[PDB]
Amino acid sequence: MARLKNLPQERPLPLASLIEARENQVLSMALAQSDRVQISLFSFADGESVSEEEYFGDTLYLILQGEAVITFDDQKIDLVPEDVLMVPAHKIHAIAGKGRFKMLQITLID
């Protein structure tokens, strides 16, 4: 079964408050158990993660806190809190922090 998880149901909280940010560690939390959609919170700093990724489905990134940079093909795109960017299926890309940051990722597995 598809289900949302790890989110408040009785007292609302800011989404950024659900994950810490660390200088030297990468943190992640799944917000869905689903075969059709992956929804995750992530935090890291600088290039502590920074793998090149290429997903089979479309992805939206939402910056919750801090600044980040996304790289693909021709461009470095800078992001600040509240920015959203959609990266289409099969677009090779990488994301890195400009310092510490927190983001929400939604990816279609499709």
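Start at 1 with the first residue shown and count on from there.
**Message:** Quick check: 69 to 77 versus 56 to 64, which has the larger average CA B-factor in the record?
**Reply:** On average, C-alpha B-factors are higher across 69 to 77.
**Prompt:** Per the entry, where is the mean C-alpha temperature factor higher: 25 to 33 or 39 to 47?
**Reply:** Looking at the recorded C-alpha B-factors, 39 to 47 comes out higher on average.
**Asked** For the listed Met1, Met103, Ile106, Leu7, which has the peak Cα B-factor recorded in the PDB entry?
**Response** Comparing C-alpha B-factors across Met1, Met103, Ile106, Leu7, the top value belongs to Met1.
**Prompt:** Is the Cα B-factor recorded for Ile95 in the lowest, middle or highest third of its chain?
**Reply:** For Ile95, the deposited C-alpha B-factor lands in the highest third.
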